[PDB]
């Protein structure tokens, strides 16, 4: 069974899953301290519920919200939105790229215990347990990021819960992360190397897939094309089209890797961790939001000749195998 913000669900109940999404990109405590940054908590809930309900109408049954403590994960927000939209949400533990001092001063043993608290006991006082561990690196893994990766591996070996990563920007960091994970004895089948659609290097992707890693092509809608005059947009969403991103799904299917592929939008309903009103720029590129994958990518891949069955395998079977604890 998989833990969600509404409690445990069976695999059969998971259904069509977007495995890399967020309700709100933020910082720890920030939504509680300054909800009016989002116009109000109530407005952000309403936006999230309308968006998830549109995704649900397009067939989405589950999302995995990969926001960690330091991305401002608010598990009560997740719970409210999950229940109102009636879509399963899996919450996350782990450490993203903006740890505060109380996180970044911690040893590997301490970080392991924090992730275990979140998976085993619950998040804060809520009893809501994490279903995935999210980690991130920049460039070359920093000493602190290596501690986070080792703690993630150890928490996953203890609980069976999977790890999702990424490397900041379009740097291809999977091989360095995979080295660390394997040094801890973590099976590749527990690890998704995320934001892998940021690169065209198919040799890099195929080799990771061939080792049994899951490949997150999780950014598909993010494109700054047409937004060339917005330098903040280009830095966040890149210059590659969504079709270019989507064709990596095809390329990996064609190389025999369909079982290793996880697809998502990396969308959200509010963001405070970047420039002000960035959500508006995002919303203007992808008015579909989280429904982008079912509504637009899926038919795109069918049209390129991929079998509905192979698409169902990527969007249903792969996420269930990935999320079910081992």
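Numbering follows the first chain given and starts at 1.
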### Message
On mean Cα temperature factor in this entry, is 44-52 or 289-297 the higher one?
### Response
289-297
### Query
Going by the B-factors listed in the PDB entry, is the mean over the C-alpha atoms higher for 298-306 or for 11-19?
298-306
### Message
Can you tell me which of 78, 137, 148, 220 has the maximum CA B-factor listed in the PDB entry?
### Response
220
### Message
By the CA temperature factor listed in this entry, which of these ranks top: 246, 180, 164, 105?
### Response
246
### Query
Can you tell me which third, lowest, middle or highest, the CA B-factor of residue 93 falls into for its chain?
lowest
### Task
Classify residue 67 as lowest, middle or highest third according to the C-alpha B-factor given in the PDB entry, relative to its own chain.
lowest
### Where the record places residue 114 (Cα B-factor, split into thirds across the chain)
lowest
### Message
What third of the chain does residue 144 rank in for C-alpha temperature factor, lowest, middle or highest?
### Response
lowest
### Query
Ranked by Cα temperature factor within the chain, is residue 101 in the lowest third, the middle third or the highest third?
lowest
